[PDB]
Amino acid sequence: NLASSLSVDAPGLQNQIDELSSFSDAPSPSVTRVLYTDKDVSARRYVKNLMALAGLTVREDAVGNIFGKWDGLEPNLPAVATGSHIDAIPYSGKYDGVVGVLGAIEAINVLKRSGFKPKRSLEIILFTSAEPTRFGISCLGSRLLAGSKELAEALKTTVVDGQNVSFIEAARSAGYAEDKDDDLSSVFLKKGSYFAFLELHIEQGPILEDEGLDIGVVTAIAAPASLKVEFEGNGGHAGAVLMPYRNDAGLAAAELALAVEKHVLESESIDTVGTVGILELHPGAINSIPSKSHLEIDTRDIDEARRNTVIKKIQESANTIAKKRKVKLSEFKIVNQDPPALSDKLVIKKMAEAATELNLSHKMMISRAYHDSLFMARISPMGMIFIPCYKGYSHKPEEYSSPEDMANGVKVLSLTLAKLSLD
């Protein structure tokens, strides 16, 4: 039967993971690969070549989402889609996102070796970017596929990176958005245009490893939000301005960072998280009192309302701190505040069947990280396959998933794609 015939080239997949990690602005073992940069362009070509070698028909949309299709026996039907991203935040690992892209191509190669003949077409999606590094916008590609008019409008009119390079200029530099007359609405997919969407991904947590399980069947994705905060003071000479006359924007930021921690812990749930991953002082000189501070805050919960309470408290603390410190709260912006998504019940059932037929132990579990799957769920039934990762590490170079774990995930992906294709 099909399950018993599935064979992955595990060392070969690992070789591709290692090769792709070479396209990086950080020295190995770290990876940095930001949307539309030269390293991103080289990684795209590498992946598109693999898609072509796998016999896929390759196309790209206006923002550089890349699609590789294996035409089915009934090609007019909504296809079964799978994929992930290949961008990497500064000094991160080689497996986040990449496993679900290279592993999806390997799943196609695995199904072909087994002589599987899809009824519904299978389509692999390389999402143009999932990480918010360049423009502050996470899942830029999938948010657009899911039809966000507000994002399309923003990308055309206002969005720039930290070097004031516009989204359009950056996209065009990479070979995309070459139609001046496109409001980017051309990227939008109709609801139901895919029968289902699957994403293979490392767990980014220690659960599967700690429990000794092979596969996680994802049931939902937690609700993510991000905030940008700026404080402004008078600054001046660190040696000469006596303490009673100061309004130190850096100390306001320090206090807000600690308040973020406090409000997260106030939720009384271990599922609530909040982080200050960016805190910048201006002018940023040892002997200059900071006159501006900038914080970027990530906060999430499986419960949307509980997360929103944290956000409201953070805003209250930012105002209280500004008044006490005598600084201006010059910016408090909610960059995104998104709902959680539920995986489709029939997709979950097929994934769990797949794991069982492959003799792979599994559990149903929630994803704490967000993924392109979060937005694809607005377009079609969605599910995710988690594989174990070492100590749960992710977003750091110690991130690791074994060749066998990756192959197990690929086999589950192949078998779930096959079940959905032959609905």
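Numbers for residues come from their place in the sequence shown, where the first is 1.
J.: Could you settle it for me: does 266-274 or 89-97 have the higher average Cα B factor in the PDB entry?
T.: Comparing 266-274 with 89-97, the higher mean C-alpha B-factor belongs to 266-274.
J.: Averaged over C-alpha atoms, is the B-factor higher for 413-421 or for 2-10 in this PDB entry?
T.: According to the PDB entry, the answer is 2-10.
J.: When the CA B-factors of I348, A146, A220, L213 are compared as recorded in the entry, which is the largest?
T.: Highest C-alpha B-factor among the listed residues goes to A146.
J.: Quick one: which of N15, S21, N408, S401 has the biggest Cα B-factor according to the entry?
T.: Highest CA B-factor of the listed options: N15.
J.: Just say lowest, middle or highest third for the CA B-factor of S84 relative to the other modelled residues in its chain.
T.: Lowest third of the chain for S84's C-alpha B-factor.
J.: With respect to C-alpha B-factor, does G64 fall in the lowest, middle or highest third of the chain as deposited?
T.: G64: CA B-factor falls in the highest third of its chain.
J.: Going by the entry, which third of its chain does the Cα temperature factor of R378 land in?
T.: CA B-factor rank for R378: highest third.
J.: Thinking about Cα B factors across the chain, which third does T37 belong to?
T.: Within its chain, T37 is a highest-third residue by C-alpha B-factor, going by the deposited values.
J.: Where does the C-alpha B-factor of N336 rank in its chain, lowest, middle or highest third?
T.: Highest third of the chain for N336's C-alpha B-factor.
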